Protein chains: 2
Amino acid sequence: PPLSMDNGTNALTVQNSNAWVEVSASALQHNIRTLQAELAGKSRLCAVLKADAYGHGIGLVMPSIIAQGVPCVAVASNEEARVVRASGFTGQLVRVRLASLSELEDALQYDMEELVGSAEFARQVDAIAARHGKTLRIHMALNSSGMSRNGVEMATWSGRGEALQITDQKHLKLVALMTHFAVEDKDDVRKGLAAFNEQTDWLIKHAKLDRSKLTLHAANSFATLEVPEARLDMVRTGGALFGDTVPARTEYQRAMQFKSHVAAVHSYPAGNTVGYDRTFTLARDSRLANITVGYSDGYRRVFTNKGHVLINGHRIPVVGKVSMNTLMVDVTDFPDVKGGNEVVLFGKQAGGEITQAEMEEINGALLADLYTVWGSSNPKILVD
Amino acid sequence: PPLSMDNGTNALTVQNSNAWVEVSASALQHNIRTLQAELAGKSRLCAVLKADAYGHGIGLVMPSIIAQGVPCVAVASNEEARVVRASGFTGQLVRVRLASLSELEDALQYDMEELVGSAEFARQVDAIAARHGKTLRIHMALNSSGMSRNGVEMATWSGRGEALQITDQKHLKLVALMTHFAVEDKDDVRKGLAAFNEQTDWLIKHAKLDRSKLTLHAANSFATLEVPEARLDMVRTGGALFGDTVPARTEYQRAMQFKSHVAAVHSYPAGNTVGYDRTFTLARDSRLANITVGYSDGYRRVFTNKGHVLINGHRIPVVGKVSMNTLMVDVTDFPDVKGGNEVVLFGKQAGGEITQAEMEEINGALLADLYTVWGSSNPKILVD
Ligand SMILES: Cc1ncc(COP(=O)(O)O)c(CN[C@@H](CCCCN)C(=O)O)c1O
Ligand SMILES: Cc1ncc(COP(=O)(O)O)c(CN[C@@H](CCCCN)C(=O)O)c1O
């Protein structure tokens, strides 16, 4: 959780960092490159890079997005925008959530295209562009797939009207329409798509604006890889980039490993308890590892008496409550674990693996919900 | 999360922050002044400032610590220490968890007193001081309340022996004995104190130790407040400083509020469902507020269709799965809610209140499990 950053770059080493997150530079390029070919010049790529690149370091990943000349980049937070631009990405850059107004105003300087899903929203945002002399480009979000989140519900006549006035805006230039698929099911994406289609068609036709000057973009990762017809003009892909997408497509390589150190290993007696509130009772006569990681560090409380790490290839049980900065793990079966070893909180360790599958199960929600904040709470460090 | 930062300083402002953590400098400055009094100058005070000050900004909490002549600070990570010193705090600086050697070593530059819990750990560490020409000051950790965590187990001769060789180390000034308590409970905390006493007595004796050179220091916050006799030479408080301690002690004030904005408000019709996986169906023609905060932001997935947030003092419910960046709430009952409105996700807003108790409920862990990380994934902004 570095306390000094210069556009995503810290001064930290693996040596002097307590727990760290390893972005694989290589897996990255292999993922970009693979998508780029699978897509096949039938579609463009926005690399979906919000959440600081899903906890991978927008600043760390920007090199490689530039490297594989990816044309487009989605962000969410204003900083993500500053950093992309400050990397020299002279390309298309779009926000993939609604902003707040003040926020959006600041953003103006970064020349980002802004998402709009409502006429009242549109209206204000317009007066903000007028105010600065600038012309602001906008993606119109359409609730085609049923998210009820960013975009206008073009299902009812009200929406269709709201949609019109979004385009009546004299200081906003319209340049896309979009929806985002809501269920990761083939059939359900397929309806979403059929809807997005009529609604685009409808709005294009009836607001006498023209195809040629818009990009229509609905496909997320799962959508791109599974319902390719849903590709259309451009796709925005987070997960797949980083190798958590459809578990079956194993050509998409994990980009992020989460790791800590072993502080030291202590002995304890039969009948001791471990961590707050005496949750675990020591069954035999034990050796424990003080691992320099906690919930402060990201490794959440919910892993209490449930989770496992890897050390020296060894699958090793988390024991007792997870303290704020220190994790306790039973090495009582593994005499070969020693001070300064390397803990793998998530990933593979020559032999072993902590599965995304098994961590999600413990957590109660998807893995992003953990790793996008592991990102925030530790140093991201480039590798391969 | 600011992507550029200096010692925990950022050019981020409530205007362009998408969500953010407000640290109340009076809530702080009060809380310290309160302890310092309640203590009566009869017992020394460490500001336990770990996890970047329990997610409050450590480089933020510092200038007040310095100005109130708090003599000691307790940090966890190396950066935390760098920043304490960067800030001009000059006095006693201990680490409250075993470090791993590489990390311990890097830290030598900051003059920190290091926690030590076993003979082997000690000798190793002796080695490093040795190599460096330094005399490292060490706090011995006892397992008196039986956390089984950093503390040498003194309930067993072998362990007892370990203690003794920890003290036989040539290159380490042993300068405290401490332990930490496992149950926030008047009785269990007492047993542990009584234990800790005989063990400190014993060590001082058998190791032939100048009592006037040791700090005997055991009490956390709860212990300090609820069990005076455990104050001994010094205490170690975080929660209290931040107003997250014994709910009953209301003289200690919350120093943190969690906050975000309304993106805009969309009319979605009955029958629509909200967010990934159709988790929620609209029983009525709704007005849904789009909030520029999400699980990547720290506001985690556990709150799907569970949470409440305040706008204009209104208890408004989370609807649909908390997405990565945006959060959807139901303002159909609350037409005062417009775009741009400030949102409390945790705290108080004119007359309403999002209680620690009600969030812990849904989380399943103490509030620190959430908010130490809110700290990390959001900019912290000083107030009052
Ligand atoms: C509007 C939008 N466009 C593109 C993407 C990229 O999708 P992908 O990562 O699934 O390829 C997202 C992901 N944001 C999701 C994360 C979905 C979790 C799956 N990785 C959210 O808001 O929760 C998105 O919200
Ligand atoms: C060794 C030690 N000493 C003192 C404290 C300060 O406790 P206080 O916050 O009650 O003043 C801690 C905090 N670490 C704990 C406390 C949780 C914070 C909730 N109060 C942990 O690792 O969960 C600690 O690990």
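The following paragraphs examine the structure supplied in this document.

### Some points on the sheet that holds strand β5 (residues 92–95) of chain A
Residue and element names in this part refer to chain A. Taken in spatial order, the four strands make up an open sheet running β5-β4-β3-β10, and their pairing is parallel. Edge strands, defined here as strands with exactly one partner in the open sheet, are β5 and β10 (234–237). Averaged over all neighbouring strand pairs, the angle between strand axes comes to 25°, with direction disregarded. Across three bridges, the pairing between strand β3 (residues 44–48) and strand β4 (residues 72–75) is parallel. Note on β4: the bridge partner recorded for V48 is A74. Where helix α1 (residues 25–39) meets the sheet, it contacts β3 and β10, and its direction lies at approximately 150° from that of β3.

### Quick look at the pairing of β10(A)
Residue and element names in this part refer to chain A. Residues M234 and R236 of β10 are buried on one face, and the alternating residues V235 and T237, pointing to the opposite face, are buried as well. For β3 and β10, the ladder comprises four bridges, and the chain directions are parallel. Paired with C46 across the two strands is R236, which belongs to β10.

### Description of the interface of chain A and chain B
Listed as interface residues are 84 residues of chain A and, on the opposing side, 84 residues of chain B. For the chain A and chain B pair, buried surface summed over both sides reaches about 6,800 Å², with 53% attributable to carbon and sulfur atoms. Together, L3(A), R149(A) and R278(A) form the three largest contributors to the area buried by chain A at its contact with chain B, with a combined 11%. Applying the counting rule to chain A against chain B returns two salt bridges. Among the ionic pairs, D188(B) bridges to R278(A), the shortest N-O distance being 2.9 Å. When contributions to the side of chain A that touches chain B are tallied by element, the ones reaching two or more residues are β1 (4–5), α2 (50–55), α4 (78–85), α5 (101–107), β11 (256–268), β12 (273–274), β14 (286–291) and α12 (368–377) of chain A. For the side of chain A that touches chain B, the leading source of residues is β11(A), giving eight residues. Two elements, β1(A) and strand β1 (residues 5–6) of chain B, share two bridges in a ladder whose sense is antiparallel.

### A word on the packing of helix α7 (residues 157–168) of chain A against helix α8 (residues 186–206) of chain A
Residue and element names in this part refer to chain A. Following both chains from N to C, one finds α7 and α8 inclined at 50°, their axes separated by 11 Å at the closest point. Our classification of the angle between α7 and α8 gives oblique. Where α7 crosses over α8, the handedness of that crossing is right-handed. Residue-level contacts link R160, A163 and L164 of α7 to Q199, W202, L203 and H206 of α8. Among the residues forming the contact of α7 with α8, the class breakdown is four nonpolar, two polar and one charged.

### Regarding the relation of the copies chain A and chain B
Its rotation angle being 180°, the transformation that places chain A on chain B also includes 0.0 Å of axial translation and leaves an RMSD of 0.4 Å. The relationship between the two copies is best expressed as a two-fold rotation axis. Of every C-alpha in chain A, the one belonging to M5(A) sits nearest the axis of rotation, 2.5 Å from it. Taken as a fraction of all interface residues of chain A, those also at the interface in chain B reach 99%, which identifies the copy contact as same-surface.

### Section: the site of ligand 2
Around ligand 2 sit 17 residues in total, of which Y276(A), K50(B), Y54(B), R149(B) and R236(B) are the nearest. Residues within reach of ligand 2 are spread across chains A and B. A distance of 2.4 Å is found between a nitrogen atom of ligand 2 and a side-chain nitrogen or oxygen belonging to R236(B). Expressed as a share of its isolated accessible area of 530 Å², the protein-covered part of ligand 2 is 93%. Taken together, the elements giving at least two residues each to the shell around ligand 2 come down to α2 (50–55) and β10 (234–237) of chain B.

### Considering the site of ligand 1
Taken together, 17 residues are adjacent to ligand 1, and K50(A), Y54(A), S221(A), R236(A) and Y276(B) come closest. Around ligand 1, the nearby residues trace back to chains A and B. At 2.5 Å from a nitrogen atom of ligand 1 is found a side-chain nitrogen or oxygen belonging to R236(A). At 2.9 Å from an oxygen atom of ligand 1 is found a main-chain nitrogen or oxygen belonging to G239(A). Alone, ligand 1 offers 530 Å² of accessible surface; in the complex the protein occludes 93% of this. Mapped by element, the contributors of at least two residues to the shell around ligand 1 are α2 and β10 of chain A. For the shell around ligand 1, the residue count by class is seven nonpolar, seven polar and three charged.

### Overview of empty space enclosed by the protein
Overall, the coordinates contain 16 cavities of 30 Å³ or more when judged by the stated rule. There is about 280 Å³ of room inside the largest cavity. Lining the largest cavity are 27 residues, with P1(A), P2(A), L3(A), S376(A) and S376(B) sitting closest to its centre. Looking at the lining of the largest cavity, the elements with two or more residues in it are α2 and α12 (368–377) of chain B. The residue inventory of the lining of the largest cavity, partitioned by class, reads 10 nonpolar, 10 polar and seven charged. Counted as a void, the second largest cavity has a volume near 100 Å³. Residue lining of the second largest cavity: 13 residues in total, with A51(A), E80(A), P1(B), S296(B) and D297(B) positioned closest to the centre. Of all the secondary-structure elements, those providing two or more residues to the lining of the second largest cavity are α2 and α12 of chain A. In the lining of the second largest cavity, the residues fall into two nonpolar, seven polar and four charged.

Cut-offs used in this document
Positions are assigned from 1 on a per-chain basis following the written sequence, which can diverge from the numbering of the entry; residues without coordinates are not listed. Each chain gets a letter, beginning with A, and each ligand a number, beginning with 1, in the order they are written. Excluded from the side-chain calculation are hydrogens and water; included are all heavy atoms of the structure. Note: two strands are recorded as paired if DSSP finds a minimum of 2 bridges between them. Starting at the N terminus, helices and strands are each numbered in turn, a helix being any DSSP run of H or I of at least four residues and a strand any DSSP run of E of at least two. An axis is simply a line fitted to the C-alpha atoms; with a helix, the fit covers only the stretch in contact. Between two such axes, the angle follows the N-to-C directions and lies from 0 to 180 degrees. Note on definitions: a residue-residue contact is assigned when non-hydrogen atoms from the two residues lie within 4.5 Å. Each residue is assigned to one of three classes by its accessible area relative to the maximum for its type, calculated with a 1.4 Å probe on protein chains only: buried under 20%, partly exposed between the two thresholds, exposed over 50%. Buried area, as used here, totals the accessible surface that two parts lose on assembly, with accessibility defined by a 1.4 Å probe and the loss added over both. Salt bridges are defined by distance alone: a side-chain nitrogen of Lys or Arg within 4 Å of a carboxyl oxygen of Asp or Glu. The cut-offs work like this: below 35 degrees is roughly parallel, past 145 is roughly antiparallel, 65 to 115 is roughly perpendicular, and the gaps in between are oblique. The crossing is said to be left-handed when, going from far helix to near helix, the turn is anticlockwise and less than a right angle, and right-handed when the turn is clockwise. Amino acid classes used here: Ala, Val, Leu, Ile, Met, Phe, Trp, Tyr, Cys and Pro are nonpolar; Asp, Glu, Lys and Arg are charged; the rest, including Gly, are polar. Here the copies share a frame obtained from least-squares fitting of C-alpha atoms. Working definition: residue near molecule or strand if any one of its non-hydrogen atoms lies within 4 Å of it. Any pair of N or O atoms that falls within 3.5 Å is considered a polar contact. Within protein, one atom must be able to donate a hydrogen and the other to accept it, and sequence-neighbouring residues count only if both atoms are side-chain atoms. The protein chains shown are the only cover counted for residues, whose accessible areas, like all others here, come from Shrake-Rupley with a 1.4 Å probe. A cavity here means a set of 1 Å grid points, computed over protein atoms only, where a 1.4 Å probe fits but cannot escape. A pocket is an open set with protein on both sides within 12 Å along at least 5 of 7 lines, and lining residues have an atom within 4 Å of a point. Grid points are joined across faces, edges and corners, and a volume is the space filled by probe spheres set on the points.

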